[PDB]
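We name chains A, B, ... by the order of the sequence lines, and we start the count at 1 in each one. Side-chain atoms are counted along with the backbone in the values below, which use heavy atoms only and exclude waters and symmetry mates.
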Amino acid sequence: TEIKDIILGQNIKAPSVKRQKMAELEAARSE
Amino acid sequence: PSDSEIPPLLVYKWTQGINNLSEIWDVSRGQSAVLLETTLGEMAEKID
Amino acid sequence: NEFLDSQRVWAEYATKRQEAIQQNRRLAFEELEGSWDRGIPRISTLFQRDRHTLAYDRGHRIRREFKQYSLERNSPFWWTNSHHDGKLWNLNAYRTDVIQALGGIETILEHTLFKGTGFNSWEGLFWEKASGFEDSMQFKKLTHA
Amino acid sequence: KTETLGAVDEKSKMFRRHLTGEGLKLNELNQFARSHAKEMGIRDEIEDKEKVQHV
Amino acid sequence: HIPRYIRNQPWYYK
Amino acid sequence: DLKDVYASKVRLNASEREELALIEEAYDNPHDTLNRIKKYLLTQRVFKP
Amino acid sequence: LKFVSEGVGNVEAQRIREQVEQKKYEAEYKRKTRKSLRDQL
Amino acid sequence: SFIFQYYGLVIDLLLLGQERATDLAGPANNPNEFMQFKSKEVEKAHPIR
Amino acid sequence: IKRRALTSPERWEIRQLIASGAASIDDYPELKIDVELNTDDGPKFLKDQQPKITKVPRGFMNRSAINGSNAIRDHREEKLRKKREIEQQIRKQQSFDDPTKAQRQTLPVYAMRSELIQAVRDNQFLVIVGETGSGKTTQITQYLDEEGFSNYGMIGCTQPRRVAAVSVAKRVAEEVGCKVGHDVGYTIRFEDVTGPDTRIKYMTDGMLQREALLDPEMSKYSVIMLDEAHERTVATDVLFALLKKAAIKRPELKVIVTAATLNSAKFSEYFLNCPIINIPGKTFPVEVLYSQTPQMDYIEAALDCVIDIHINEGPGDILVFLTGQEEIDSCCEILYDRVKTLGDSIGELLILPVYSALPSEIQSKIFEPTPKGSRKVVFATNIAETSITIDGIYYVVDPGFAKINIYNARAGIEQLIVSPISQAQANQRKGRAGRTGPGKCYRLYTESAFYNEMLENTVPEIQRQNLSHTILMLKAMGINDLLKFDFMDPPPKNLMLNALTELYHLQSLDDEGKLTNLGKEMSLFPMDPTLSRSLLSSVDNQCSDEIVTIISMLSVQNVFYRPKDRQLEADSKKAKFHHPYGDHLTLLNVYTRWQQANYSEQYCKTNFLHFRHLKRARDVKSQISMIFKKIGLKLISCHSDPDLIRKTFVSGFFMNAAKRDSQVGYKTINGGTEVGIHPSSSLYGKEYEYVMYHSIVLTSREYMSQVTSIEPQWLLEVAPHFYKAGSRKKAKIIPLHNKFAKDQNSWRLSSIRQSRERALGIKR
RNA sequence: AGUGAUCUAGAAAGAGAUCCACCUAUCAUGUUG
Ligand SMILES: [K+]
């Protein structure tokens, strides 16, 4: 995701990065 | 000035100090009290 | 009233100090609650964060008064040092009572453009007191005009 | 807002547009690459140089 | 957060 | 006490920056500062205007 | 709180479980401590 | 400020004199706090109270 | 006694009080060298030379051990809250200042007698294993005496505990039919009853170690049995290597070592591959049960397991092993809550502590029989694995943890660390359910954790304890090279080079690492080299009576008893002993006053002292005085000059000095580790600039134990080879805490520059 | 036993260089006695 954010130029400060991190760490809890 | 008190407390202490002098207010025998206040003019500039 | 109350709280503190050593205790921070904001100096100065260094600060009143001869801009509070005296006044109640005197938040806001903002509640009325265009501009190369 | 265009998340109160047409294809291709990362073993915790090849 | 001088309530209310 | 003057002025000129840099240097190098102070007390007898 | 009598359960299956638990915990500790892009910036 | 107060002490000693200055300050071993005296007889011993 | 100069926080408080006018300069009668380590290099033998507590270092049980228990912390955060709210109510109640206010042949071991003798004849070493209740400990020595091994020297037997050595010697004498002394005897620290005619001698391992310091061939003995040698004490390991060398010297020396099952091969491979023989014992079968899953919170699993037993299991008392005093106290309280909450649905249950710091009178509550119609739960340390036997136990609950000591050699820190037990200790717990009858052991850890995360045998004391006394004794035996002495498990080099550094700076060793004459005289004393050094300097300084008294007090357990319900009397009576200069002179006060009172027990009960530990300090004082009479010395009194006393303790303890830094409290001079004064100290809140300490203990924090005031000039005079006057003073300073700022580096022109550059969008 | 006493108010064109009241920071150590 961080590499994707680099090519797309995603604002790292934006809340979407936080929510997406949780949207993947919940899977890191899943299995 | 002294580190022990702020100027208002200095004035208060001084006033209470005068009031606590023994027989300071008695005038039966014709006694009197004199409070002299003055400035040491040009004290700093006259230092050799 | 500050001096009379100071004589009182500091005599009470002196008595508690002697009992605290008789019991070989330490005085707790909240063993002196209620007196903290009282006395001249304030009782709270006994627990000033830098007291281990301030114990060496001597001639601090005359130093502060003599600042008038070496600095163009001086604090009008030349007569008191918060490190040594503590907070000698607290005006926080004035703001509360002035709001009441003006008729409350409702009456105050009736004088403002608040209703035209469509803002939900007066509670969210957080003025951004730390940013703005003029704050971005003050550092730039600018003429006097 | 319409149920046809999207739906509210409720957890964050945000409204999300549903994916339609090529949007689904991209979302599925996204899943494909993500699986390919786990498949090729590059994974995440491992500081592998080949990772850039699977984004 | 709301400042203390707003949160505090005059004695006559309570 | 020397730092106090600067505690809230956001706009500084070259002279103020020079003083504040010297103070910051004294905080970073207390031993060299003390050595210099004592050397000046012991030997400096001519001073700047 | 549940017990099994000694020898009744297979110990190497429980060791497999403990190995899974270990490597899960250790990988999760990288998940907790890898310096992210924001941290590196 | 230090120099000023020291030269002021000189002037204080000229105004008070050795004897009265000693009564006011008290013995070096046991100095009086401000405005106090070791005894009422010392307080009354001289016109400068 | 010179006044303690006030620290700056105290000067501040007095200044503010005087400023207020509530006190004056009439009321306060006060107000009227930097020591560096020496930068010479060390000696030739150190110039050329300068543990694994668990099977898995980050495995689940070690994480569980480090993480403690949430139940215990939630219980503290109830006790603290309750204590505070009670204090608040008391304070408001006070805030209104209202102005008017033939048996032998039944023991299992007799079935083996003929084997258990021919094996001792035909071999040199024999690694005997024997299950508890076999009779091996009392019978083997008698069987050897029956067989004429006694014809050519004593049959010595070592026990790891004094009370074992005595009770076994008396039992063996009651079976041989004679007194102690004559045919059977014992020899322990402070007591020798051995006679001219003694056949069998029971002693502690430490006594055979000190006899070997006199006679390293150990020629007085025909047969030496090391009993309970599976406990791997420092003395036992030194005896292992001594006895291998003496055995090579002596064909006629027989040796019998008591192994456990799990170190029997370790011991056989060490003692030249000698036979192992296994003796059966009087013990019943124990069903082990294991948790199906890891337990996150061993205290909470243990409390559940108790309640589950009490309800669903049949008659039998429950022994729960716990790591220390305050888990035990907390568990007694929590279980009493839980049982009271279950109420009428459950039968009667009674809850009891046992641990070593407990008074003897209170410990004796635990071996009273349970009332018929009630069940006993005992919450015990490892004290109940070995030292204390409770009769009637039928269930063991084993959470799998114990506190273990490790010496942090370079820092000088005794660390107590909760860590998993070994499989050997787990089996010692298992057996405790089996003494009364066919009991059960509930292990609060999985079977796989038993196999795959617990060490097979416990890490021996020799790899964990401070070795400087061991090194002094071995070098006094002339055992000059510590590797040619083949320890069964060699001590880490970490403990070697620090022990050698200590003995070097004490001047016990020369610059090539040979023992000096001073080290030779120090070896005569049964006490740590720093105490030995202090004592010899007290003979040079003619102050030995007071110093021997303090040394005795320093060698016993804490003499002050602080009952959980009396922490105000037990503090004001303790504070009556406090000497102004600190703990060493405080202990001299305690002892002297317990001597003016006629050594009486009541004096200890009334002043909250441990009479057990004081009469041990009296025994240590007597032993040291007997050694002085052996040399021909006398104990001179200095009439207590407390400078002469403190200088004489600096002579040993100079490496244990610490200085105040006003920012961070005490830092040791030798290594800079920050340390606190323990609240138990006389010097708590009496902060002196330089102190020395007996030791440092890491508990929740590093605390110095037994702190005493010293002058730094004495460091420079006593150890000019270890200290020097200060210097690398290129440290830093910080401004005062400007309360109103939200970034305390924002005053720097550097950070002002960065704020401006950022506000200009300048990237840098 | 409650009377009276009531400034103020905006337009044009120029000018203007900044700093200091201000949210209350003590023991919990395994065993060997
Ligand atoms: K103009």
* Asked: So, is I:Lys739 close to the J:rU24 phosphate, meaning a side-chain N or O under 4.0 Å from OP1 or OP2?
  -> yes
Between the protein and nucleotides 31-33 of chain J, which nitrogen or oxygen pairs are less than 3.5 angstrom apart?
from	atom 1	to	atom 2	distance (Å)
J:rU31	OP1	I:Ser356	N	2.9
J:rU31	OP1	I:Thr381	OG1	2.6
J:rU31	OP2	I:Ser356	OG	2.7
J:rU31	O4	I:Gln557	NE2	3.4
J:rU32	OP1	I:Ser387	OG	2.7
J:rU32	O4	I:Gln557	NE2	2.9
J:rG33	OP1	I:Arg162	N	2.8
J:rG33	OP1	I:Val163	N	3.4
J:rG33	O3'	I:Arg616	NE	3.0
J:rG33	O3'	I:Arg616	NH2	2.9
J:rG33	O2'	I:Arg616	NE	3.0
J:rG33	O6	I:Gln363	NE2	3.3
J:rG33	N1	I:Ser356	O	2.9
J:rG33	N2	I:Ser356	O	3.0

* Can you check whether E:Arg4 has a side-chain N or O nearer than 4.0 Å to OP1 or OP2 of J:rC23? -> no
* Kindly assign one of parallel, tilted or perpendicular to the pair I:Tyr561 and I:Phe608, based on the angle between their ring planes and the thresholds 30° and 60°. => tilted
* Asked: Quick one: are the six-membered base rings of J:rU6 and J:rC7 within stacking range, meaning centres under 5.5 Å apart and planes under 30 degrees?
  -> no
* Asked: Hey, where does RNA chain J pair up into stems, meaning at least three consecutive Watson-Crick or G-U pairs with distances under 3.5 Å?
  -> none
* Asked: Read from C1'-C2'-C3'-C4', is the pucker at J:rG16 north or south?
  -> south
* Matching residue for I:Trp12 among C:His83, C:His84, C:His52 - test: ring pair (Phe, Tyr, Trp, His ring centres under 6.0 Å) -> C:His84
* Classify the nucleic acid contact of I:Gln325 as base, sugar-phosphate or nothing, counting any heavy atom under 4.0 Å across all strands shown. => sugar-phosphate
* Structure fact -> Assigned chi class of J:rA21 under the 90° convention is syn
* When you compare the six-membered rings of J:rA9 and J:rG10, are they both close enough (centres under 5.5 Å) and flat enough to each other (planes under 30°) to count as stacked? -> no
* Asked: Quick one: does C:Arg95 reach the base of J:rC22 with a side-chain donor-acceptor pair under 3.5 Å?
  -> yes
* Between I:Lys403 and J:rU29, is there a side-chain N or O to OP1/OP2 distance below 4.0 Å? -> yes
* Which class fits the ring pair C:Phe77 and C:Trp79: parallel under 30°, tilted 30 to 60°, perpendicular over 60°? -> tilted
* Asked: Please give, in whole Å, the distance from J:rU26 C1' to I:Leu683 CG?
  -> 15 Å
* Integer-rounded Å distance: J:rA28 P and I:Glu333 CD -> 17 Å
* Asked: Taking NZ, NE, NH1 and NH2 as the nitrogens, is one of them in I:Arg161 or I:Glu228 under 4.0 Å from a carboxylate oxygen of the other?
  -> yes
